[PDB]
Each structure stands twice: as C-alpha cells, then as structure tokens.
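Now for the letters of each chain:
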Amino acid sequence: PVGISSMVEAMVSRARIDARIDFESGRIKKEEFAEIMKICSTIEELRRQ
Amino acid sequence: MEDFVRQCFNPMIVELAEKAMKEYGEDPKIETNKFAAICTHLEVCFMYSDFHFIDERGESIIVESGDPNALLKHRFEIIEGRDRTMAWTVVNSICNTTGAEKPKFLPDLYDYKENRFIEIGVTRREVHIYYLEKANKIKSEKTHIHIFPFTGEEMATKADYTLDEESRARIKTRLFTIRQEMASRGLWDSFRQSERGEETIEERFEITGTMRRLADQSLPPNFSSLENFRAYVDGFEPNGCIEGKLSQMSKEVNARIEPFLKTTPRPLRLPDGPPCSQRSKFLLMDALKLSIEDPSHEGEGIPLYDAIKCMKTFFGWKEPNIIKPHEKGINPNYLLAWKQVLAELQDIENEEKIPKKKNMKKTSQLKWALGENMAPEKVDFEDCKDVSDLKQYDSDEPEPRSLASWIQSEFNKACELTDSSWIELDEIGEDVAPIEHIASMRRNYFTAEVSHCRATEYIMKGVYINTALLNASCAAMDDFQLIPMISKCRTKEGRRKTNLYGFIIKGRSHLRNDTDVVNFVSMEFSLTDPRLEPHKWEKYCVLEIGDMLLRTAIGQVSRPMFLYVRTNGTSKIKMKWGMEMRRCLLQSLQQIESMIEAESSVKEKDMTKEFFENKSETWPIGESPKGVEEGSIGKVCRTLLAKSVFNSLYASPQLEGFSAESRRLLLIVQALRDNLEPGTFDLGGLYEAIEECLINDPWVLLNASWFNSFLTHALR
Amino acid sequence: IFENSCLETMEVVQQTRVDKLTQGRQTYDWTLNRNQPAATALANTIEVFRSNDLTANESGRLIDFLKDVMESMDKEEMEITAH
Amino acid sequence: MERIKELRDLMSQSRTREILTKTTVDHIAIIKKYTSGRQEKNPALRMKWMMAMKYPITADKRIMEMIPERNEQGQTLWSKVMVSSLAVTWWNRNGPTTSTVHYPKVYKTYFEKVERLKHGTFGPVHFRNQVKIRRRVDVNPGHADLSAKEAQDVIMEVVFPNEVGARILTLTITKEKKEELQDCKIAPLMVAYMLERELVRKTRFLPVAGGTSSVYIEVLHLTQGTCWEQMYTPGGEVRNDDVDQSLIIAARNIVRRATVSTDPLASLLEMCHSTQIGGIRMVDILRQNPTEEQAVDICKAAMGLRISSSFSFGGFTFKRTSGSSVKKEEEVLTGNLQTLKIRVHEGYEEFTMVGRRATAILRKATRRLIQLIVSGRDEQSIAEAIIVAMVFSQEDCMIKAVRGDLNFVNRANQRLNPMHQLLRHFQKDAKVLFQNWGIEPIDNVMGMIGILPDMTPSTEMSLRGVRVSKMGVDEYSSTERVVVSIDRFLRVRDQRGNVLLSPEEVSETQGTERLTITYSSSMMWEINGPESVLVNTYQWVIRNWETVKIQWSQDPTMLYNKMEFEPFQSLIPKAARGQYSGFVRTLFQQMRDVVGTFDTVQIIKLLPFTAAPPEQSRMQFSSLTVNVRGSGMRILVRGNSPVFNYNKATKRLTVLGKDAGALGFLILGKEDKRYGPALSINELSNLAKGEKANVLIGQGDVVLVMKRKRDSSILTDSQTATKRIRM
Amino acid sequence: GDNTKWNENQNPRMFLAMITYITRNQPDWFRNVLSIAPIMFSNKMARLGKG
C-alpha cells in the first residue's frame, strides 16, 4: 500500500464512507448507522490523546 | 532515487541541477536527496510561473497556449534557475529599477503585480515549523514567503495565498503524485534529510564511545586509533611486499607434491578384536512371514486385528525356552513379558468391547525392559555438594568391533528375488513419441527387474513399523501400546497377502521435541538358530518358541521356531527417516540413469535400449573363486537398490566419513587407470583419516573389504 | 568496479527496510538468552527499545534501527521486562 | 459494526493504541511480517494425521441449507465450524451447477499453454552433448512486454476502483476488463493475482539450448536435458519476441535519418517525443523496455538513461571483462603512402564480444592478440567476426594488409574515424590478411578445429590464437547501469572519452514492420507512403490550426517558411512551384483586402503550397498537381476535390479515404468540513458542472478535489524554459 | 583441493581492512556502517548454553 496518514485516520474515514454508501442506497438500519458513527467518534476522541 | 529522478523529470532541469551543483561541486552521486530537492524546487518554481501574465490594466491574467503576442511580462521573474552571480545581477537590476531594498538571502522568484519578493520552500516536516523557521531567519522586511509540502498543504503570509486556487492546486497535485510514486518504489529515504533546514545532509552514522572504543581496539597490533588505520589504508603502497615475504618464509612450508603411481596404493587397514554385532533396527532375512492371503480390501485394515489371525494361523507354540541371554542382566523378564503379551492377547474379549489397540499393563518386568523405572536423581548441584560418587559420567568412546563374515551373506541374500511383488507403481498418462516412450522403457524395465526384489520388502518393513510407531506415539502419549510389525505383498497368482514379522512394545511417548528418546522392545520371529553364530547377536536374547511345518518335495521337515528380542531407542526424526525410505529407489534409478547418459553422452543416437536387451553385455560384480564373476543387468539394478537401502537403514556417521574419504581415493585411482599421471599431498594423512572413521559399523567394514579387493583387482 | 558494487549497496541501504531481517534461519535473542525465530527476537527487541526513549525504528528504515542499536550501546541501564 | 468493535477493544490495551497510532500506511508491509513462525511442524505429517482424523475442514455456517448432514449412505461429515472431507466430493458430484463456466477468460494464461500443446507438433530426439548458452529471456509468454508498476496500477484500478492509487491522468484494457467481467466477479484476490501473473513481465538469466521465445521456455524441461534435446514447435507466436522489433526498426531508421539534420540530437528528441508505437509513446517504452541495441541504447541515452559500458564495434557489442585502458596515441603508415594518427590502446585487456549471429572471447596485450575463440552459425558470420577481430588486433601484420585509398564517409559525406574506415574496407573483401598473418600447427584437442584463409576447416593448422568453438561461445550479459555523455553529433562518451556508440554500425537487411507505428514530429516522412505525406501534412495543419489562425495574419512569411512543409514541397513538381506560391499568396492578399468574403475551408485547401519561393508570374491557376508513386493527382480550388473532400454536414475532413481532423482532478489541501462529508471514487452525479469534494485516496487520507481547466501536457512548454533561461 | 579448518582462521580485522579499502575515499558514514559487523566480530563471545 501507499499512504502517509496514520492507520486510524484512514480506517475511520473509510468506515464513515462505507456506512454512508451502504445506508443511502445500500441496506442498513439508521440506528445501526448512528451507533457506528458514535463509535467512530469515540475512536476519534480516544486517538486525540 | 537517482534513476527515478531521471525518469520523472526533463533533461533541462537535469542540466540546471548540473550547473547548480557545479557552483559548489556538489557531486550528485552522494547528495541524491539534494538532487531530488533541487529538481523539485526548480519544477515547483516553473509550474508556479507557467500561464501567468499581466493585462494592460493593473491586474494579471492567464493564457491557455504559449505565444508572445505583444505580451511577454511573466508577472514573475525566475531567479533560481540561473547561475549564482548572474542571478544576483538580475536581483540588483530589478531592485534598483523598483527601489526595493534587496535582502541578503538569495530568493527564488520576484512578483510584478504585487511588487513583492516571493520565495518558495519545499520540505517534509510540519509546515508550521518550516514557516516559523523561515520567518525567524528572514524577518523585519516585506518579503512574501510561500511553502509547499509534499502532502499538499499550503501556508502563505496573512492568508494572502498569492494566486488563484487551481493553478496552484495543480502544483500540489504534482507533489502528491510524485510522493506516491517515490513511495511505491520505497524511496521515502529523503524524510530525515529535509529535517535539518539545511536540506542536503545524508544519514550521519557516527561511532561514539562504547563502540569506537572497540573500533580503535579492533586494529592490527601496530596502530592506536582506527582513524589512523583508515588513513593508512587509504594511503597505501602496493609495492610488492609479497616477494620479500616469500624470501623470508622457510622452504619447508610448502606443498611438496608427492606422486601417485599404481604401486603406491596400499590396501586399507582393518580393525581387529570382537566380531561385528548387528545394530539393525529390524531383521533382514531371518524373520519369517505369516502368509494369510487375506484380501480385507485394505479398508484401513486394522493392523492389530489383521495380526490376531496371523497368530491364529500357527500351532506348536512350545513352552518359552530361553536359549541365548543378553549375556548380562536379568533375562527371565523377557520371557515373562512374552507370556504377558500372550495373556493380553487372550484377555481382550472379556472387556465387553474390542479396543482397536491394547495398552499393556504397567508391569515390573516390562518396566525394567523399557527402563521407565530406571531413572536417576534430578538434583541441582548446589544441593548435592561434596558427594562421594559425584564423579562424572563415563562417556567413553566405543571399542573397535572387528569384521565378521555374516554381513556379506546378509547382503547377498538381500539382492535376491522372491515370488511377491511388494509394489503399486502408480499409473502414467499416454507417452508421446520423443522421450516419454524412452522414459517408459527405462522406468518400467527397471521396475520389472527390481519390482519383486527383497530390498523392496525391507523398505516396506521399515516404513510400516516406524509409521505405526509414530502414529501411535502421537496418540499413545501417556500409556504403553503394542506395535505389530506388519508387511504387505501380492502373491505370484496375484492375491493381496499380509505378513507379520513380530511384535514391539512401546515405552512412554512424552515427545515434546524431535530428538526426544523413546525406548522400545522388538520380538521378531525366525527360523535361524542363534546357536549357530552367537557373537552376532550381542544385543539380542532368543527364545525357543515352537516348531513349524516346512513343506518340501517329500513331506515336512519340522524346523524349530525362534524369537529374537532386543531393546533399542528411536525418535520422531529417527522414524521419519524410514517412513520415506522409498527414496532409496530414486537414488538407485538416478545412479543408474546417470550412467545411462554419461557413458552414452558420446553418441548421435544415445545408447539407451542397448543398455538393456543385450545379455552379452556383462558387468563384473563378484569374485568368490579368486575369479571375476560377471553378471547381467537386473542383478546390478537390485544391487544398487540394496546398497542405498542398507546405507539408509544402517545409516551411521562412520559410513558418511568413509564415503567422503573413499570418493577421493577412488577418483585418483580412476584417473591413474586412464593414465593421467596423478599425485598426492599427504597419503599417510588420508589413510589416517580413513582409519579414524572406522570403528564398529559392519556395513562400513564390508564396504572396506570390498574396496580393498577392488584395488587388488583394479589391475593396479 | 568496487565503487559500482558500492553504488548498488548504497541503493540497497537507502531502500532496505527492516523486513530483510526476517527472511532467514533461526536467530539468537538475548532477551531470553536462547535461539528463537526472526520475528520473535525482532519484536521483543523493538518493544524493549520502546520501553525506553529509543524509538527511531518507528521511521521503518533499517538504518534508523542501526542508530537505535548504537544509542542502545550508548545507554548504561537497560530495563528488561519479564513475561 | 461487524469489524470496528475488534479495533475498539484493540484500542483498549494501551500497548496496542500506541502501535495503531505511530506506524503509518506506507509501513504496513513492514509490519505484516511479524509472525511467530513456529507452526512449520512437518506439514506432511500434520496433514496426514489431520486427514486420518474426521472434520479437518473449516466451512461457513451456510452449508446447512446447501448440503445435508447424512450423505446418501448415512455418513457423518459435520460438527458443532468443522467439516469432513467427504462433503467436498459429494458437493463435487451434485450441487448448484452454474454457468460460470465462462472461467477461461481470467485463466487464459494457462489455456494458452494448453492450446500451444494441442497443435504442438513434435520432432525427433537427436541426442548430443548439449552446450549451455548463457542467455537472458522472459518467463511470461504473450504479455505485451509491460513493466510491473505500470501494470499493477491498472490491476488496482480494475479490481479495487474504490481505492485506486493517486495516478489519475486519463490502454482501453481497463474498459475491456470492466465490461467483460462486470457483475461476473469470481474470486477478487485470486483474479488480481492471476492477472498480475498474466500481464507483468519478468526477464532473467538462464542457460538455454536454442529456445528463443517464452513458449520455448515454459516447455524447457521437455526440450533440454543432460545430453539430449527435443525440438518442439508450439505453433504460435507472442508479443515479447515481435513487439520490440518494431521499436528497434523505428529507432534504427530514426538514427539513419537524424544524421542529415543540422543538430541530430534535437530532431531525434522531437521525434521520440512525438512518435507513437502500438498506441504507446516511444519515450515510455524506452524508459520501461529492457532491450539492448545500438539505436535503442542511443535513444535512451538522449534522455539520460543508463546502459551497459560497451565498446561497441563492428556490429559487435563489447563488454569489459578484465584489463585497463591507456590512450597512447600513435603514428601509422598505410599501404598507399599515407600517415594516420590512431589511438592505440595501451595496457592489457581481456574481453568477450557478443554478435548478432556469433560470439567470441579475446585476450589482448599492447598490440597483441591471443586466444581468439569464436563460435557462429554461418560461414559469413565467423568470417565477419574474424575480420573485425584482426582489425581490433592493431598489429602491424594487419597494417600491411591495407590496399587502396581510405575514403569512407557518413551518408552525409562526413569523414569517419580510421577504425570504422578499415572495418568497412575489409568487410567487402579481406581475404588478403590471412595469407600474410602466419600459420601455426594445432593438435586437434577438445573439439576445436582450425580455419584456413579459403574459409575451409582444417585439422592440424590454424591462425595465430584462433579457435573454432562448437554450438556457441559462453555469452554473458553483464549488468551495468552507468551514465553517459552524448554529444550533438550522436556520438557516445560515457566517462572516459572512449567512443562507445556511433551511427556506423546500425544497418542490416530491410525492415519489415509488424507493429503499426506513426511519426508526428519533423519531416521523417520521405520513407512512409506519399499519400501518408499528404494526409500527414494536412492533419498537422488541422492539429496546430489554432496558432496558424493568427500566425497566418502576422509574420506569415515565417509560417510559409515552416520547415515542416519541406517534405511536402519535394512532392509537388519542382517546375510550377513558385507560380503556385505567388498565386496562393496573392489570393490570401485578396482575402485580406475584401474581408469577410472568404471561406476557411478553402484557406486550408490552398494553404500548404506556400513553402515555395514565389515568382510573381503573369498567370493564375485553378488546379494543382502532385506526383505520387508515378501518377499525378489534381486538386481544384472551389468545393471538394478527390484528395481534398470536406463533407458539408460531417465537418470531418477527408484526404484519400483517410479521415483527417474536424473543426482527473487536483488536490486543494487537507480535509475541511466545508464541502460535506467524505466520498468514494465515483462521480457519475458529481461530474455535472465542476463540483468541490473531499474524498479518500487509495488507502491514504481525505484530500480535497476540484476540476481541471488546463491539460498539463508534455509538449514544448518544458522547452520554453530554454527561452527564459539562457536568454 | 580444500582448506582444512579454514573457517576458524579468518580474522574479522582483515575483513575490516578489505572493507575499508573497498571504501577508498568513500563517504564517512558509509565506512562507518559497513564496518560494524567486522568490529563486532573482533570482540565476539561464544555461547555454550546448557552444558
């Protein structure tokens, strides 16, 4: 692979785009989506320290 | 980096890098990071300059194509792409024309619309630190600073990004793609160099204390510090001290060539003393089969209950009569173990269920036979202090076991043919014209000439015994098990026949590692009386076990049956060398196939079928009556097979050493036979190494007598 | 011709990361004072270096691992964690 | 949520948070190689034991609704996810039959070999002590000769478009692959792996016994042996043995043409930047194709690429094996009373020369030749090799063998250095040297026979130092990549001032194109068809018509004097030329006078005739003539003509049937929450009228993106630098 | 021929010397890096292990 950014800065963004794409036209429940994104924000708040 | 740099850039920037490096003589071959940084800076300035003109009014515009149609002012004057003094001249000219105070530091571009000094910086580190460093170095003057990293960020002064967005974004994009390209090639080496402000340094690898202290201590005994050593090696005199060193060295230190004539080779010496016993893991010829002709379809034919019928097929099991003891030790434990074997063989149907394997009881006689109870104290030395019998283990080197005459007879009987097939050589696809037909008529003829060989039976025997032993040692990890010495074959009429050679009792199999030793006891049937040649069976104890029928042209003879028993050890690797003993076939075929090519290399039509198909072709293989005995092909084929077989099963390091030292002498003798006047260096030393690799292995000793008689019959 | 060989060697020392330390036979780890596989000794060494400030190997280039080795020889006390 | 919870509970332990923070994506390959590496416990024995045991297989849980627990005979093959082997064979017989049998479109790399064996007619096995030829050949057959990186980028695009690399430049292989297997995905990772196996080149060094292509190599184990060989013709051909030939011929003819140019270097550079080969630019092919040949090596050197340190001479490529070189200029007398100063190499040297049809080894002291061991195919090949060898001997023995004056010049009538002069003099006739060389008696050892001046093998006598080898001399393609310094005259001096490559050993038998190639830079069309010259001239006019639009207005004399018409001017007859020039120029003047009443189509129709020096002769014209391949064709001046036919509504210009003309994104900075949330690489709705978007790149970060307005070409904008620099 | 007990005779300092001469007038840190292994072998300890 080819990339400078940290592991988390790539994985979190990829997960958010994935949730977006398989929610909008894909198949996922909005509550599962909201929990996914809250967990992602928890990851972000943990990686900031 | 360098080759990639020449890949992803124009040659004009290459020449500019040449000129800018010649300004200080900066050799590109070293400052490769500086090479990349300078080419980067130049192309950055260029793509900042392209398509930037100033309209007639007080503003600047862009163009799609390149042409000076009454418009030439580039809105920006390039500074870096020119020589040192000429660039300073241009800077002075434009400063005096515009009245702007020149800065002492050399810029890279000049603005016309804003009339400001823009200098560009490309680095790897955080852009904030680079901007602050340039500001702390260049301050108090109106000089616009613009820094571009490889990541694509952008930092100007007072949010005055002195351009449109897109024309600059193409520059950021080029930077990012260049970064990706150097990353895919793994050329991020320039990361730690631009982390200095000074963007040219390479990886400094100093040698400080605790390391240099050994380096200056690492020099030959005429120097003090390794820096003086490096200077002394760099400035060196290839003057030719070699001639003087030769003139100083003694004339005795020399490789005085000693000749090798056909009267020099002396026959090898041989050990003298006790006759060679047998350490073979299992029996070669003396063991007897239990012919059943039972086609059980081999539905994973259970090896124990395929053996109970072998036992059911014999009558005349006399009282166990001890004949030949171990010559030292409590022997009755062997026959007690044997009767216990029979008991557990008859105590099965009473446990309400047939067990697929019978775990022998932890019996005291058998515990002694396996030495499980035979264990010393595991005591730390700090406790057993000042002990009377605390002397070391003996660990004595073995005694030279002299040669006996039986190993040659066993080898002779090993090469003979039988009435069973012993092989399932798997099928092969259709054979095409050129070689596949030739490969066939080689391999199939060799098969049919060695298929029914007794050495095949030996190989399969080792295979099955060691296979069952390991496959149980995995699952019998805590308790004793019984090991049937099973072989298989096919009748001359073509019916799957199962043979049984004996029984083996396994000790504990707590096998954590591969060299872990496991003791085992072997009891093999025979019709060969130990009372004939006693010294052969030093490790064996024999039991007169009964009488069997032996049919002849006139009735039966009723010869006695004997049971040979020994104790030995093995391990996991010891077994797997033996589960793959079929290799001895390939080694045979190829060391046949080699001769099919080398000696037939000199022919337009290779001598392959004429190797076979001509019985008039004879091979000297024997000399019993003081005369060379010639034989046919298949005898030689099975002979080489048996050679690799015995070498595999009797594998001993003395054989390895002897083979190594015999290759040399044989090659020299073969050269002399061709009359190519060879010589030696230390003939007595070679004999010394040979005698040093000859102690007790009977297979080695038979090879040695073979070699000596060969040199005597080598017409030398 | 030695300088040509040295140029190929410089190219190597420029691109070579730490991975080429793993493709090989058994090694010796002093952390347990015994022969162990490659990645075992490498990971234990990296983690005991991270136990202290010596962390240049995080760049990934093997030469930085060598600088870490040198600085390790430069330090007097080296706390060995046991597990 | 299926995936992230492992990351979270992994971020729970701090010693894992640290590593997930510090190490970056560029380093993931350096970290996946951190494994215990102990479960290598005799895979044979563990496999056998696990096969004895029931249920060694791990399936998914979805077998319940696909296969049963009890087979057709009540056999147990499940657990409670483990599965025994028999389930495979049962499913192998009767299950969901599928028409995915279209498989042989991703595995074509194998079925190509299968088909090669199908009609792969054989031959007899003539056993012989086969000699190993130390050659270097490719391993993959029929892969269009593509490098690893430029192929794996296309791979990554076709298999994982939502994470493509940052290479976005705007080869239809992308379209063909995305179309033929769009929804018929098979096994992603295996698909990409096997495509990398199919397309990526790899070429290395092997001893062969006559096998040229890759197809003769994948069947090497059938052909080659210890003392045997089997001729086997797979009945086919690949690209890697006949794609590079077209570039070879094109660069050879380009060098053949560049000599007459004033500065051959610049004309060659413009040619190489413009010329297209197989739809791919020649410059990239030179940067990526590892073919070694004088023309190709020189074209690569013009772009500063490393090549082998060769003393190429006599059509033979040389390699430094041992020994040093010293200048030692020296005087020489000819056989016709002529003095010549020549560079007699001092010191000892030992070389191995490789040729087109032969090879040889040589040892050389100061004007001394020793141990010349040659091996070739034809009598003519060994003749040429021995000739160039004796030329290189520099002994006075060959000095005596000079007959006649020495005047051999370039195709531009340019004096060649003496070595090449001697070579070209002897190449046609050199029989006189052997009779005056000296003979020595040999011993017929090691299958090395002698050769006589009458080109006849002999047993016990030969030339001094000569040896005739059997079935080829040991080649060695040494790997060196050294810089060079080419001059303005297409001469090659790497570092020592030694003449390496020169356009005197470049030509052989006629060139026969396999790949369709197209030149577009400079004249370079006197070789291509005359119709090609017409259509190329008009197409070039249409191409750069934008600049002619005003370059025809101001300083039109220079535009008329554009030397790109010089090939076109030699086609129109040399008689009525200046009259045509004057007529067309006064017609353009009339159009300039009565503005507005002028048609652009007729302007293009009548422009390219201006290159002549006009002669204001008192007559006009309505028809113009061109001599092509003997026959003369006409073009009118109003409306369409058989050559100039411009359709009214089509707006495409036609010239002799042939059609002729008609009349990614960027990074803005890091992620900023202004322009919404992140996106994947799919803009079917976003490519409306120029949007702004933040998007993940590859496996990296979020980058901003705007549209483009410029084109970012490789054209003379880089050369425009030489007008702002060195002004 | 062969060279009996060859491997036990090669002194690391001779390797240091040949490496240094190979690095004639080469950059300093390069000489420093390729000189590590022979210097480490100049003071090297042999482990016994168990006994």
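Quick notes on the rules
Here the residue numbering is sequential from 1 along each chain as its sequence is written and may not follow the entry numbering; residues with no coordinates are omitted from view. For this description, chains carry letters from A and ligands carry numbers from 1, given in the order in which they are written. The chains in this view make up only part of a larger assembly, and the values are for that part alone. Based on all heavy atoms of the structure, the side-chain values leave hydrogens and waters out of the count. UniProt positions are given in the numbering used here, feature names are shortened, and annotations may be inferred rather than shown by experiment. Secondary structure elements are defined from DSSP: runs of H or I of at least 4 residues count as helices, runs of E of at least 2 residues count as strands, and each element is numbered from the N terminus. We call two residues contacting when some pair of their heavy atoms lies within 4.5 Å. Criterion used throughout: strands pair if DSSP finds at least two bridges between them. To define axes, lines are fitted to C-alpha atoms, for helices over the stretch in contact only, and angles between the resulting N-to-C directions are given on a 0 to 180 degree scale. Partly exposed residues are those whose accessible area sits between 20% and 50% of the maximum for their type, while under 20% is buried and over 50% is exposed, using a 1.4 Å probe and protein chains only. Here the arc refers to the directions that run from the helix axis out to each C-beta atom. Here, a salt bridge means any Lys or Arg side-chain nitrogen found within 4 Å of an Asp or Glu carboxyl oxygen. For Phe, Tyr and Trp, where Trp contributes only its six-membered ring, two rings pair if their centres lie within 6.5 Å, and the inter-plane angle classes them as stacked under 30 degrees, edge-to-face over 60, or tilted in between. Counting as a charge over the ring demands two things of the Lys NZ or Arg CZ atom: a distance within 6 Å of the ring centre and an angle within 35 degrees of the ring normal. Values labelled buried area give the accessible surface lost by two parts on being combined, using a 1.4 Å probe and summing over both. We call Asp, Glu, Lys and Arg charged. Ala, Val, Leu, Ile, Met, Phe, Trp, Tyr, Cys and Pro are nonpolar, and the rest, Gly among them, are polar.

Listed as the method for this PDB entry is X-ray crystallography; the listed resolution is 3.6340 Å.

If you look chain D up in the PDB entry, it shows as Polymerase basic protein 2 from Influenza A virus. Regarding chain D, the UniProt comment filed under Subunit (unreviewed entry) reads as follows: "Influenza RNA polymerase is composed of three subunits: PB1, PB2 and PA. Interacts (via N-terminus) with PB1 (via C-terminus). Interacts with nucleoprotein NP (via N-terminus)." The heading Sequence similarities (unreviewed entry) in the UniProt record of chain D holds the text "Belongs to the influenza viruses PB2 family."

### Considerations on the environment of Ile19 of chain E
All names here are of chain E. With respect to the helices and strands, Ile19 occurs in helix α1 (residues 12–22). Distance from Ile19 to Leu34, taken between C-alpha atoms, is 7.3 Å for residues 15 residues apart in sequence. When residues no more than four places from it in sequence are discounted, the contact partners of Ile19 are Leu34 and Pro38.

### A look at the side chain of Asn568 of chain B
Relative to the helices and strands, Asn568 of chain B is located in strand β13 (residues 559–570). Not counting the four nearest positions on each side in its chain, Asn568 of chain B is found in contact with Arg279, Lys281, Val518, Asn519 and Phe520 of chain B.

### Topic: the sheet that holds strand β10 (residues 349–354) of chain D
What holds strands together in a sheet is hydrogen bonding between their backbones, with the strands either parallel or antiparallel. All names here are of chain D. Strand order across the open sheet formed by five strands is β7-β10-β11-β12-β17, with mixed pairing between neighbours. Among the strands making up the open sheet, the edge pair consists of β7 (317–323) and β17 (466–468). Across the sheet, the axes of successive neighbouring strands diverge by a mean angle of 15°, strand direction being ignored. Across six bridges, β10 lies against strand β11 (residues 358–365) in antiparallel orientation. Note on β11: the bridge partner recorded for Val354 is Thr359.

### Side note on the sheet that holds strand β23 (residues 644–646) of chain D
Residues and elements named next belong to chain D. Strands sit in the order β23-β24-β25 across an open sheet of three strands; the sheet is antiparallel. Of all strands in the sheet, those bounded by a partner on one side alone are β23 and β25 (658–662). Mean inter-strand twist for the sheet, computed between neighbouring axes without regard to direction, equals 30°. Pairing of β23 with strand β24 (residues 652–655) involves three bridges; the strand directions are antiparallel. Residue pairing for β24: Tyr646 is matched across the bridge by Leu653.

### A short note on helix α5 (residues 127–137) of chain B
All names here are of chain B. Taken together, the buried positions of α5 are occupied by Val127, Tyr130, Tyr131 and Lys134. Along the axis of α5, the buried positions cluster into a sector of 95°, meaning they face one direction only. Turning to α5, the residues buried within the fold contact β5 (117–121) and β6 (144–147).

### Regarding the arrangement of the chains
Across the seven pairs of chains that are in contact, the largest number of contacts falls between chains B and D. At the level of C-alpha atoms, the two units chain A and chain E stay apart, their nearest approach being 28 Å. For the non-touching pair chain D and chain E, the nearest C-alpha separation works out to 18 Å.

### A look at the pattern of salt bridges
Tallied over the full model, the rule gives 71 salt bridges over all chains. Of the charged contacts, one joins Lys29 of chain B and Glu2 of chain B as a salt bridge, the two residues approaching to 3.9 Å between their closest N and O atoms. Of this pair, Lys29 of chain B sits in the loop between α2 (11–24) and α3 (32–49) while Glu2 of chain B sits in helix α1 (residues 2–7); the two residues are 27 residues apart in sequence, bridging distant segments of the chain. One salt bridge in this structure joins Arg583 of chain B and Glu580 of chain B, with 3.8 Å as the shortest N-O distance. Overall, the relative accessible area of 51% leaves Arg583 of chain B in the exposed class. Classification of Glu580 of chain B as partly exposed rests on a relative accessible area of 41%. Three or more residues are tied together by salt bridges with common partners; here these are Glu2, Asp3, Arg6 and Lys29 of chain B together with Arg306 of chain D.

### Regarding the packing of aromatic side chains
One pass over the structure, following the stated rule, counts 36 aromatic pairs over all chains. Taking 6.2 Å as the distance between ring centres and 35° as the angle between the ring planes, the aromatic pair formed by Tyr445 of chain B and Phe612 of chain B counts as tilted. You can see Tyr445 of chain B sitting in helix α14 (residues 436–450) and its partner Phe612 of chain B sitting in the loop between α17 (583–598) and β14 (619–622), a full 167 residues away along the chain. A relative accessible area of 16% means that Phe612 of chain B is categorised as buried. With a centroid separation of 4.2 Å and an interplanar angle of 10°, the aromatic rings of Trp537 of chain B and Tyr564 of chain B are classed as stacked. Residue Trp537 of chain B is found in the loop between β11 (518–526) and β12 (540–548), and its partner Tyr564 of chain B is found in strand β13; the two are separated by 27 residues along the sequence. On the basis of relative accessibility, which here comes to 3%, the residue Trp537 of chain B falls in the buried class. Three or more aromatic residues link up through ring pairs in this structure, and these residues are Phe411, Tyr458, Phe646, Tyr650, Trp699 and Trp706 of chain B. The aromatic ring of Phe176 of chain B is capped on one face by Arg179 of chain B, whose charged end is 5.0 Å from the ring centroid. Taking NZ or CZ as reference, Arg592 of chain D lies 4.7 Å from the ring centre of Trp552 of chain D, over its face.

### Things to note about the environment of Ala401 of chain D
All names here are of chain D. Tracing the chain through its elements places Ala401 in the loop between α17 (396–400) and α18 (418–428). Each C-alpha atom, one on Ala401 and one on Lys431, is 9.5 Å from the other, the two residues being 30 residues apart in sequence. When near neighbours in sequence (up to four residues on either side) are disregarded, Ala401 contacts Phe426, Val432 and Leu433.

### What about the interface of chain D and chain B?
Every contact between the two is made by 47 residues of chain D and, on the other side, 46 residues of chain B. Considering only the surface of chain D that becomes buried against chain B, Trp49, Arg710 and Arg724 of chain D emerge as the three largest contributors, covering 17% of it. The interface formed by chain D and chain B contains seven salt bridges. In this structure, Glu153 of chain B engages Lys670 of chain D in a salt bridge whose closest nitrogen and oxygen atoms are separated by 3.8 Å. Listed by contribution, the elements that provide at least two residues to the side of chain D that touches chain B are α4 (43–52), α7 (148–159), α14 (282–288) and α25 (721–724) of chain D. Counting residues per element, the side of chain D that touches chain B draws most heavily on α25 of chain D, at three residues. Split into classes, the residues belonging to the side of chain D that touches chain B amount to 18 nonpolar, 13 polar and 16 charged.

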